[PDB]
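Student: Take a look at this one; I'll ask things after.
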Amino acid sequence: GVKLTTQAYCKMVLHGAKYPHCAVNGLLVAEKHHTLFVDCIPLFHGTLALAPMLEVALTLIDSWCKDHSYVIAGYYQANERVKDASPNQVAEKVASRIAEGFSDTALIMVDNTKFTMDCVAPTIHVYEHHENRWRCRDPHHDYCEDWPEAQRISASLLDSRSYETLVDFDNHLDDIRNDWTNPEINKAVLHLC
Amino acid sequence: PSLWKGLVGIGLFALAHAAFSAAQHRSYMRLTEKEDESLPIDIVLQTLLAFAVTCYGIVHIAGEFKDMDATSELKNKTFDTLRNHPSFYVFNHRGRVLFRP
């Protein structure tokens with residue numbers, strides 16, 4: 001297991017729900033169970049098979065994490081079709097690039113079928129790097145620090161229509177004054193426990 | 001706002017009143033058969049003021065100009081609204097699942 005925290009799960013769900021018709025992806029950081037994640041940074045939505053902006057975002061996020069003593073350890077993606085949950089070339093390339101700087105990196109795929117309103121399941125598939133390929137390490141595990149609190153908080157945030165304030169890196173490139181660290185979501189998840 | 005319509009209406013009404021006054025004065029004068037050609041000054045002042053006010057009011061309602069530079073309204077356009085093609089919409093995504101599955 002990887003034991004995702006609550007903030008990362010809530011931000012991932014909010015980013016996935018903000019643009020239902022598009023494909024979204026972001027980054028997962030961890031502090032320098034197995035490897036406890038701290039939070040996630042949503043990167044892009046729409047068309048994802050383009051190099052330069054992804055490279056710029058990776059460099060900026062890596063520098064910011066290095067300043068605050070973090071390390072990029074996971075990559076989460078969600079496709080567009082409701083019946084498609086397998087990794088593509090872009091996700092494999094990015095995860096392989098990340099793996100060279102940090103061991104046992106995670107490839108997270110969001111499952112659209114289990115994307116219910118409040119909760120039915122963690123709706124997450126976790127892939128681990130074995131030799132030169134990736135395998136679905138899914139022994140029906142619990143990849144969360146505490147499932148009930150996390151699902152309750154995610155359901156409350158979704159019901160409160162709080163995804164209209166989430167801002168990713170694309171919105172930061174559109175207007176510089178936006179913030180990709182999302183302090184409002186952190187405050188909301190701190191107050192709502 | 002909408003005050004210019006009232007202003008132009010008042011100007012037109014004043015011009016019509018001046019026209020009626022001038023016609024009535026001419027009709028009265030032709031009765032007495034006086035060849036002095038006396039045009040009262042107040043009527044001239046009233047009609048000139050009404051014409052000036054009406055023209056000033058009507059010059060402010062014709063519309064507003066627009067820049068001829070073709071790259072002026074695209075400074076705020078973003079790629080979020082440019083990638084949406086209404087003719088190729090597909091409703092097979094996670095939006096249906098999230099809202100009343």
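We label chains A, B, ... in the order they appear in the structure tokens, count residues from 1 in each chain, and number ligands from 1 in the order shown.
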Return as CSV the residues of chain A lying at most 7 Å from chain B, together with the closest atom-to-atom pair for each and the distance in Å to one decimal, counting only C-alpha atoms, with rows in chain order and ascending residue number.
Tutor:
residue,atom,partner,partner_atom,distance
A:20,CA,B:95,CA,4.9
A:21,CA,B:93,CA,5.9
A:80,CA,B:93,CA,5.9
A:81,CA,B:93,CA,5.3
A:82,CA,B:93,CA,4.8
A:112,CA,B:94,CA,5.6
A:115,CA,B:98,CA,6.1
A:116,CA,B:98,CA,5.2
A:117,CA,B:98,CA,5.2
Student: Name the residues in contact with region 2-9 of chain B at a cut-off of 9 Å, using only C-alpha atoms, excluding same-chain residues fewer than 2 positions from it; report them as JSON, numbers by chain.
Tutor: {"B": [11, 12, 13, 14, 53, 54, 55, 56, 57, 58, 60, 61]}
Student: Those same residues - N, CA, C and O atoms - I'd like them written as a compact mmCIF listing (two decimals), in the first residue's frame.
Tutor:
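Okay, out.txt is ready:
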# COMPACT_ATOMS: atom_id res chain seq x y z
N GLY B 11 -36.86 68.00 -26.79
CA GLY B 11 -36.44 68.88 -27.87
C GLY B 11 -37.40 68.86 -29.05
O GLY B 11 -37.73 69.91 -29.60
N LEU B 12 -37.85 67.67 -29.45
CA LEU B 12 -38.80 67.57 -30.55
C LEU B 12 -40.12 68.25 -30.20
O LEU B 12 -40.72 68.93 -31.04
N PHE B 13 -40.59 68.07 -28.96
CA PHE B 13 -41.83 68.72 -28.54
C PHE B 13 -41.69 70.24 -28.56
O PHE B 13 -42.60 70.95 -28.99
N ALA B 14 -40.55 70.75 -28.10
CA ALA B 14 -40.32 72.19 -28.12
C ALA B 14 -40.27 72.72 -29.55
O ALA B 14 -40.81 73.79 -29.84
N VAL B 53 -30.28 71.49 -28.66
CA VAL B 53 -30.43 70.46 -27.63
C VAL B 53 -30.75 69.12 -28.27
O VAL B 53 -30.21 68.08 -27.88
N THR B 54 -31.65 69.12 -29.27
CA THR B 54 -32.03 67.87 -29.92
C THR B 54 -30.85 67.25 -30.65
O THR B 54 -30.64 66.03 -30.58
N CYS B 55 -30.06 68.06 -31.36
CA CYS B 55 -28.90 67.51 -32.06
C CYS B 55 -27.87 66.96 -31.08
O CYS B 55 -27.31 65.88 -31.31
N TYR B 56 -27.61 67.69 -29.99
CA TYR B 56 -26.66 67.20 -29.00
C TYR B 56 -27.14 65.90 -28.36
O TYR B 56 -26.34 64.98 -28.13
N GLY B 57 -28.43 65.80 -28.06
CA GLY B 57 -28.96 64.57 -27.49
C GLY B 57 -28.92 63.41 -28.47
O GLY B 57 -28.66 62.27 -28.08
N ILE B 58 -29.19 63.68 -29.75
CA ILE B 58 -29.26 62.59 -30.72
C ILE B 58 -27.87 62.15 -31.16
O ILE B 58 -27.70 61.05 -31.69
N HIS B 60 -25.61 61.42 -29.13
CA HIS B 60 -25.14 60.55 -28.07
C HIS B 60 -25.84 59.20 -28.03
O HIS B 60 -25.55 58.39 -27.14
N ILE B 61 -26.76 58.92 -28.96
CA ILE B 61 -27.50 57.67 -28.97
C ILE B 61 -27.30 56.87 -30.25
O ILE B 61 -27.87 55.79 -30.38
Student: Could you build a table of the residues in region 32-121 of chain A lying no more than 10 Å from region 172-182 of chain A, giving for each the nearest pair of atoms and their separation in Å rounded to one decimal place, using only C-alpha atoms, ordered by chain and ascending residue number, as JSON lines?
Tutor:
{"residue": "A:39", "atom": "CA", "partner": "A:181", "partner_atom": "CA", "distance": 9.3}
{"residue": "A:40", "atom": "CA", "partner": "A:181", "partner_atom": "CA", "distance": 8.6}
{"residue": "A:41", "atom": "CA", "partner": "A:181", "partner_atom": "CA", "distance": 6.8}
{"residue": "A:42", "atom": "CA", "partner": "A:180", "partner_atom": "CA", "distance": 7.5}
{"residue": "A:43", "atom": "CA", "partner": "A:180", "partner_atom": "CA", "distance": 8.6}
{"residue": "A:53", "atom": "CA", "partner": "A:173", "partner_atom": "CA", "distance": 9.4}
{"residue": "A:57", "atom": "CA", "partner": "A:173", "partner_atom": "CA", "distance": 9.7}
{"residue": "A:61", "atom": "CA", "partner": "A:180", "partner_atom": "CA", "distance": 9.8}
Student: Those same residues, written as a short mmCIF file (atom, residue, chain, number, x, y, z; two decimals), in the first residue's frame with C-alpha atoms?
Tutor:
data_model
loop_
_atom_site.label_atom_id
_atom_site.label_comp_id
_atom_site.auth_asym_id
_atom_site.auth_seq_id
_atom_site.Cartn_x
_atom_site.Cartn_y
_atom_site.Cartn_z
CA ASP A 39 -0.74 16.53 -0.90
CA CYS A 40 -1.14 16.76 -4.67
CA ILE A 41 -0.75 19.50 -7.27
CA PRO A 42 -3.15 19.40 -10.25
CA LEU A 43 -1.26 20.03 -13.48
CA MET A 53 4.31 23.06 -20.79
CA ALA A 57 5.48 22.66 -14.86
CA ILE A 61 7.12 22.04 -9.12
#
Student: Compile the contact shell of residue 147 (chain A) as a PDB file with C-alpha atoms, in the first residue's frame: residues with an atom at most 8 Å away, counting only C-alpha atoms, same-chain residues fewer than 4 positions apart removed.
Tutor:
ATOM      1  CA  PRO A 122     -11.789   4.609  -3.069  1.00  0.00           C
ATOM      2  CA  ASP A 142      -7.074   0.364   1.542  1.00  0.00           C
ATOM      3  CA  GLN A 151     -14.880   9.752   2.251  1.00  0.00           C
TER       4      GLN A 151
END
Student: Point out the residue among A:69, A:5, A:96, A:154 with the least atom-to-atom distance to residue 118 (chain A), counting only C-alpha atoms.
Tutor: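 Closest to residue 118 (chain A), using only C-alpha atoms: A:154.
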